[PDB]
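Student:
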Amino acid sequence: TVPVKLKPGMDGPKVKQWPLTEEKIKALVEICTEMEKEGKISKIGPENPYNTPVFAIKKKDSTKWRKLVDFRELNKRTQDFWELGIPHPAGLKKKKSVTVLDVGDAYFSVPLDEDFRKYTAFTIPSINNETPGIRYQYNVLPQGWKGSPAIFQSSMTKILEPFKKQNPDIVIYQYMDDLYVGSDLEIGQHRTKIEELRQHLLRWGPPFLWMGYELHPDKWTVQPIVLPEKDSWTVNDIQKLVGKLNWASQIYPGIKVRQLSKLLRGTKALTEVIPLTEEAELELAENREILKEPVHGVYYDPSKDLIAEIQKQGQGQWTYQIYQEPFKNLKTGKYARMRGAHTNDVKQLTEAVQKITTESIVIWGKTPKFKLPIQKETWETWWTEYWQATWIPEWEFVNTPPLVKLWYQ
Amino acid sequence: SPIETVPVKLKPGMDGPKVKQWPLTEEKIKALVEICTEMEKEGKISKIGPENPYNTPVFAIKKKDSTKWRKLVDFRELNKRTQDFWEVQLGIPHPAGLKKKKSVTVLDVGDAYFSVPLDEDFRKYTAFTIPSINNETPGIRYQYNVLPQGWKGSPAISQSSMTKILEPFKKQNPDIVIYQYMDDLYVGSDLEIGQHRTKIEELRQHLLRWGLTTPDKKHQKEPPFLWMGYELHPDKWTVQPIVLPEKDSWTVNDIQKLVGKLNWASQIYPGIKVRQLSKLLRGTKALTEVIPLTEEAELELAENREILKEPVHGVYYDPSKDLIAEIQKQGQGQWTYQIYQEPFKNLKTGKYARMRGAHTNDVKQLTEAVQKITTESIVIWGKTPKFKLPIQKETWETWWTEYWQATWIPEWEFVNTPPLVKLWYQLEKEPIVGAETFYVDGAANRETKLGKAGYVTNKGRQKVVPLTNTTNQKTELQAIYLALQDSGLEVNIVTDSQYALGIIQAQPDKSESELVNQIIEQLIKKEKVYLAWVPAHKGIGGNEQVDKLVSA
Ligand SMILES: CC(C)c1ccc(O)c(=O)c(O)c1
Ligand SMILES: [Mn+2]
Ligand SMILES: [Mn+2]
Numbered sequence: 001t002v003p004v005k006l007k008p009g010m011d012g013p014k015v016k017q018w019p020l021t022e023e024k025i026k027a028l029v030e031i032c033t034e035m036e037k038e039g040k041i042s043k044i045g046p047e048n049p050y051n052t053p054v055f056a057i058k059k060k061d062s063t064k065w066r067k068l069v070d071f072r073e074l075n076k077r078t079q080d081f082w083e084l085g086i087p088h089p090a091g092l093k094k095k096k097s098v099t100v101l102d103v104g105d106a107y108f109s110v111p112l113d114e115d116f117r118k119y120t121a122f123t124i125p126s127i128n129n130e131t132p133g134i135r136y137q138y139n140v141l142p143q144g145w146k147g148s149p150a151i152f153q154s155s156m157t158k159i160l161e162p163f164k165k166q167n168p169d170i171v172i173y174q175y176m177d178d179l180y181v182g183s184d185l186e187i188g189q190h191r192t193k194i195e196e197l198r199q200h201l202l203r204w205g206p207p208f209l210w211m212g213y214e215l216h217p218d219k220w221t222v223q224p225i226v227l228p229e230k231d232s233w234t235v236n237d238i239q240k241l242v243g244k245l246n247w248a249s250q251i252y253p254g255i256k257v258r259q260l261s262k263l264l265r266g267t268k269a270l271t272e273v274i275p276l277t278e279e280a281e282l283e284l285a286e287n288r289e290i291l292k293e294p295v296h297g298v299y300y301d302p303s304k305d306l307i308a309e310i311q312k313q314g315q316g317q318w319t320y321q322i323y324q325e326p327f328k329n330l331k332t333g334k335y336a337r338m339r340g341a342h343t344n345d346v347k348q349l350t351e352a353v354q355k356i357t358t359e360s361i362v363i364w365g366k367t368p369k370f371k372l373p374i375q376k377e378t379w380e381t382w383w384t385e386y387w388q389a390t391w392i393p394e395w396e397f398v399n400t401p402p403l404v405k406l407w408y409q
Numbered sequence: 001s002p003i004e005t006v007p008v009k010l011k012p013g014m015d016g017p018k019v020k021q022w023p024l025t026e027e028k029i030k031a032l033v034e035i036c037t038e039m040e041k042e043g044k045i046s047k048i049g050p051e052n053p054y055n056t057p058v059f060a061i062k063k064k065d066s067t068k069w070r071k072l073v074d075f076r077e078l079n080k081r082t083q084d085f086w087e088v089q090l091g092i093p094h095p096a097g098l099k100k101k102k103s104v105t106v107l108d109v110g111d112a113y114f115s116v117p118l119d120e121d122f123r124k125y126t127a128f129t130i131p132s133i134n135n136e137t138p139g140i141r142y143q144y145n146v147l148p149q150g151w152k153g154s155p156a157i158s159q160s161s162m163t164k165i166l167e168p169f170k171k172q173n174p175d176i177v178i179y180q181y182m183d184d185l186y187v188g189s190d191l192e193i194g195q196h197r198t199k200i201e202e203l204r205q206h207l208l209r210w211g212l213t214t215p216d217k218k219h220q221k222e223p224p225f226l227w228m229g230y231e232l233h234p235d236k237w238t239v240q241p242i243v244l245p246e247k248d249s250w251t252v253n254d255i256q257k258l259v260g261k262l263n264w265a266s267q268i269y270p271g272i273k274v275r276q277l278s279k280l281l282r283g284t285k286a287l288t289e290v291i292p293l294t295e296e297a298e299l300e301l302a303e304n305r306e307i308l309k310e311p312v313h314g315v316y317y318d319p320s321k322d323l324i325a326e327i328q329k330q331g332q333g334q335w336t337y338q339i340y341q342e343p344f345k346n347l348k349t350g351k352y353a354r355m356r357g358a359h360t361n362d363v364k365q366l367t368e369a370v371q372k373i374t375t376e377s378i379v380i381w382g383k384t385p386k387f388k389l390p391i392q393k394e395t396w397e398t399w400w401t402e403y404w405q406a407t408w409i410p411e412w413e414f415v416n417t418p419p420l421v422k423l424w425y426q427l428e429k430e431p432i433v434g435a436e437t438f439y440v441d442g443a444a445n446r447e448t449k450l451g452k453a454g455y456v457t458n459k460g461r462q463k464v465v466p467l468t469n470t471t472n473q474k475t476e477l478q479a480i481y482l483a484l485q486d487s488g489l490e491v492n493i494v495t496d497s498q499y500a501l502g503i504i505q506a507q508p509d510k511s512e513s514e515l516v517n518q519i520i521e522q523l524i525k526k527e528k529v530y531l532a533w534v535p536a537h538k539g540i541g542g543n544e545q546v547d548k549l550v551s552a
């Protein structure tokens, strides 16, 4: 069994448990009574000062409640693993179909370093503080923890070897409680291989991981930056155009607005139609060109956090951008929709956060830190109510209405 | 003896508290050896040989002016040096969270902390010395054998041991509800009066078989059940008017007992503001610290004291019915709400004050109220109440669909109880045809703070105005204000201030800033207002013109 520790000179996680509905508290009590019986977790005393939040979620589709521990704080306090840690397959994104499987269940089979158990403490809250908190700590590889897939690496390899050798061409990436299986087979056989990979795990050693979260990376589209094309512009159109090209000149140094502004010479009514000059037309053409080739120099850097900004665009539409350095976007997309008049802004945003974090895992092998267009107190209240992933990314809250909303269409 | 001692560790790298004993009077010592001799007999403490190396200061003082001397130990260095524990949810159970049970009984377990053993290996850090009178003999050295009072670990360790003791009586009676809060043990049930008393007899013996004297009663009054400050009646609970101390010089150890009270009362009583009295008091420790409050604290204690002067009544929770929450708009950043199941039978009534910030508007405040109520309800009842709110469904729709941020309210219905919350002004999405276009700009000189604010328009109209003691950010809002002033009912307004755009694109309807307000009002008077934005110094006409006019 493996020796783990916290980064040098820092103490463990002491986060507070947020309130849970009655429904959720009940499910957690069931799940934990079982787990205590199976020897996975053990009640602890008050001499253990640490704590990690814990709530419950239903997955994409199940009858069933899944205990989700928010280890975010323990994760960034857990010594990175190198003495091990996983490699990301750049080919995964290029595949026609990628299915995600919950193998997390398998982590419970490996014992956790006796001395590291205390740092995994958590508490099930009681309604109206009738009873004081029921407290546990893990004795095994806890799901949602990063030190988990790291220690179950050798074990996970040995289990997939036969499938790898025989099935050599699929790509299999392991992230947290997740296993990303990608292939260029047709959905029929692709899903046969999966079920085949499924059986492999059931045979090689909560409980459901029956389900496939199937994605199609080969069909994910980036949104470029475009400029309107009109037969008659107004002072206002031109003013907007110039404001945006001036913004796009921070990313593409070759942008020129000279000949366009020159069209706004004097002081006109915003609704006045201004004819386009040859000079202007050309400048518009040339800029239009430049805006279609990629940014000059943006390769991904693994030792740096990823950053994702989201812009509520209205009518259920959302745009986002991932980057490490400002104006050096690795990706930009537009999350059009759930299909309609989606009446829960907060739900849409929570769905967008997960999709984006998914795409991010597939492409760089890690989750981005989010800058969310919401009031912290509104997000903290309702987000766990729409969460369906087994992982949780880092986020902050944007209080100041950005101007880039006006430009990322 | 029957209880399993909890393992306790001093903080890492820290050693035991070596302290010096303060000499005492023959009258304070004699007593002590008395209070001690008895304590040593119950086995609460032991005499240590000459040889332990740690020490804690021992003091001895009065309990009533009906004079006697009780014992006081200064566990200050030791509380610094002792491992952190988990205060768990230092949450406070709300009477309205209790459900109607028939029979109830409150057992006041307090004397029990002395009755819990202390980790054998840790007892040596609790050594204290009783000074000798003429220092002709060696002092007398005791160490603690039970959770010592005044220490870090007695609170949590005991409240924990208790749980373990009760957790077996609790499992055996799936129907009986038991809640523990400090001294207090609440036992509820639907049983007849006489089967209840019976079980209570088993619980009492079960606690005794684990080695802790239950007190039963020495002055026996009625069914008005007293459980951690609440008066529990068959079908209603009551909190008697809280009497706050009235005094000349406030102390740091009476001001601390105050915030605790205020907090406790904070969730029973509405509008209990305690944020000023906490900023005078924290992390500063006293041999010699004694405090005047600040005249914003004698006036608050004034307001709190006025609110705690009226009794609080409420009904219990009936899980078979919906939970309802109704809010009304009260003013000056104030809102009132009542949570109930049956109309006029309130479970909890409260008040929400606006959260600090320069600009704001009624809609953002209501939303903040809902999420506060929502979270409070989930803590007490485990569910989210339905909301009766003073805002049209059409208003809210217009708001969240257009607001640049993500926002949501739970299931809710409109209730017409003026003053209704609404949107005072609405910026347009497109330019307004036939309206005058006001390109505006401003500038200021940081050295002299002298600046100008102007605007030019497609109709030739123009105006610049000199200003003193102003800023760049100030002058662009000032320029907008001027534009709003001199324009008709409908108006297009081009600016180059990202700052001004930020403030207006937030749609505020009161700011604690006179200027913004002036603009706000001006907006409320307009029928149509289209507010554009352009980059500065890029040659767009009429941004340049006006820039030239205000720059120099
Ligand atoms: C070019 C810089 C100094 C600048 C920034 C912001 C403004 O609002 C201005 O009006 C301006 O004239 C200049
Ligand atoms: Mn300006
Ligand atoms: Mn200017």
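Same order as they appear, the protein sequences are chains E and B.
Using my numbering, the first residue of the first sequence is number 1, and each one after it goes up by one.
Using my numbering, the first residue of the second sequence is number 1, and each one after it goes up by one.
Every residue gets a Cβ at the ideal spot worked out from N, C-alpha and C, and that includes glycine.
Just the residues with CB closer than 7 Å to a heavy atom of ligand 3, in chain order, which are they?
Tutor: Qualifying residues come out as B:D441, B:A443, B:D496, B:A536, B:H537, B:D547, B:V550, B:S551.
Student: Which residues, in order along the segment 534-551 of chain B, keep a beta-carbon less than 8 Å from a beta-carbon of chain E?
Tutor: Listed by position along the chain: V534, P535, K538, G539, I540, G541, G542, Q545.
Student: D84 of chain B versus chain E: which residues are under 7 Å apart at the beta carbon?
Tutor: Chain E residues near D84 of chain B: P49.
Student: Between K452 of chain B and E436 of chain B, is the Cβ-Cβ spacing less than 7 Å?
Tutor: Going by C-beta atoms, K452 of chain B is not nearer than 7 Å to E436 of chain B.
Student: Who does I45 of chain B pair with in a DSSP beta bridge?
Tutor: Paired residues: B:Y144.
Student: Going by other Cβ atoms of all chains shown within 10 Å of its Cβ, with 16 needed for buried, is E359 of chain E buried or exposed?
Tutor: Answer is buried; the Cβ neighbour count reaches 16.
Student: Classify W247 of chain E as helix, strand or coil using the three-state DSSP reduction.
Tutor: Note: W247 of chain E maps to helix in three-state DSSP.
Student: If we count the other Cβ atoms within 10 Å of its Cβ and call it buried at 16 or more, is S154 of chain B buried or exposed?
Tutor: It counts as buried.
Student: By the criterion of Cβ-Cβ separation under 7 Å, what are the contact partners of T381 of chain E in chain B?
Tutor: Those within 7 Å of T381 of chain E in chain B are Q371, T374, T375.
Student: Should the segment 28-44 of chain E be called in touch with the segment 122-137 of chain E, which here means at least 3 C-beta pairs below 8 Å?
Tutor: Yes, the segment 28-44 of chain E is in contact with the segment 122-137 of chain E.
Student: Do you know how far the Cα of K329 of chain B is from the Cα of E351 of chain E?
Tutor: Near 34 Å, if we compare the C-alpha coordinates of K329 of chain B and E351 of chain E.
Student: Closer than 7 Å, Cβ to any Cβ of chain B: which residues of the segment 355-377 of chain E, in chain order?
Tutor: Within the segment 355-377 of chain E, the residues whose Cβ lies closer than 7 Å to some Cβ of chain B are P373, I374, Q375, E377, listed in chain order.
Student: Would you verify that the beta carbon of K37 of chain E is, or is not, closer than 7 Å to some beta carbon of chain B?
Tutor: Closer than 7 Å: no.
Student: Please look up how many angstroms separate the CB atoms of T378 of chain E and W408 of chain B, rounded, as I've assumed it's under 8 Å.
Tutor: With a Cβ gap of about 7 Å, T378 of chain E and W408 of chain B count as contacting.
Student: Leaving out five residues on either side along the sequence, give the residues of the same chain with a beta carbon under 8 Å from the beta carbon of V2 of chain E.
Tutor: Closer than 8 Å at the Cβ level, and outside the excluded window around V2 of chain E, lie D113, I151.
Student: Mind checking whether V546 of chain B and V491 of chain B have CB atoms under 7 Å apart?
Tutor: No.
Student: Run the CB neighbour count on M176 of chain E, radius 10 Å, all protein chains shown included, and call it buried at 16 or more, exposed below.
Tutor: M176 of chain E should be labelled buried.
Student: How is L349 of chain E classed by DSSP in three states: helix, strand or coil?
Tutor: Helix, per DSSP.
Student: Between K7 of chain E and chain B, is the shortest Cβ-Cβ distance under 7 Å, so that the two count as touching?
Tutor: No, because no Cβ of chain B sits closer than 7 Å to the Cβ of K7 of chain E.
Student: Tell me which residue opens and which closes the alpha helix (DSSP H) that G454 of chain B is part of.
Tutor: Where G454 of chain B is concerned, there is no enclosing alpha helix (DSSP H), although the beta strand (DSSP E) it sits in stretches over 450-457.
Student: To which residues does DSSP link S42 of chain E through a beta bridge?
Tutor: BP columns for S42 of chain E point to E:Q137.
Student: Using a Cβ-Cβ cut-off of less than 9 Å, list which residues of the segment 268-297 of chain E approach chain B; keep chain order.
Tutor: Flagged, chain order: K268, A269, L270, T271, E272.
Student: Mind pulling the beta strand (DSSP E) runs of 3 or more residues that sit fully within the segment 6-81 of chain E?
Tutor: Runs found: 41-43, 54-58, 65-69.
Student: Taking C-beta pairs closer than 7 Å, name the residues in chain E that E368 of chain B reaches, listed in chain order.
Tutor: Within 7 Å Cβ-Cβ: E377.
Student: Taking only runs that begin and end inside the segment 494-532 of chain B, name each unbroken alpha helix (DSSP H) of 4 or more residues, in chain order.
Tutor: Segments of the alpha helix (DSSP H) lying fully in the segment 494-532 of chain B: 498-504, 514-525.
Student: With three or more beta-carbon pairs closer than 8 Å as the criterion, would you say the segment 103-110 of chain B touches the segment 178-197 of chain B?
Tutor: Counting Cβ pairs under 8 Å, three or more are found: they touch.
Student: Grouping DSSP H, G and I as helix and E and B as strand, with all else coil, what is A280 of chain E?
Tutor: The answer is helix: DSSP assigns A280 of chain E an H, G or I state.
Student: Out of E:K376, E:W387, E:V404, E:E385, point me to the one whose CA is closest to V398 of chain E's CA.
Tutor: Minimum Cα distance to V398 of chain E is reached at E:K376.
Student: Take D305 of chain E as the anchor and find which of E:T319, E:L197, E:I361 has the nearest alpha-carbon.
Tutor: Closest by alpha carbon: E:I361.
Student: Are the segment 504-519 of chain B and the segment 466-473 of chain B touching by the rule of at least three beta carbon pairs closer than 8 Å?
Tutor: With a cut-off of 8 Å, the segment 466-473 of chain B and the segment 504-519 of chain B do not count as touching, because too few Cβ pairs lie within range.
Student: Mapping the DSSP letters down to three states, classify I392 of chain E as helix, strand or coil.
Tutor: Coil at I392 of chain E, not helix or strand.
Student: Between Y125 of chain B and chain E, is any beta-carbon pair separated by less than 7 Å?
Tutor: Taking Cβ atoms only, chain E never reaches closer than 7 Å to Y125 of chain B, which makes this a no.
Student: Give me the subset of the segment 316-329 of chain E whose CB atoms are less than 8 Å from a CB atom of chain B, sorted by chain position.
Tutor: If the cut-off is 8 Å between Cβ atoms, the segment 316-329 of chain E has nothing near chain B.
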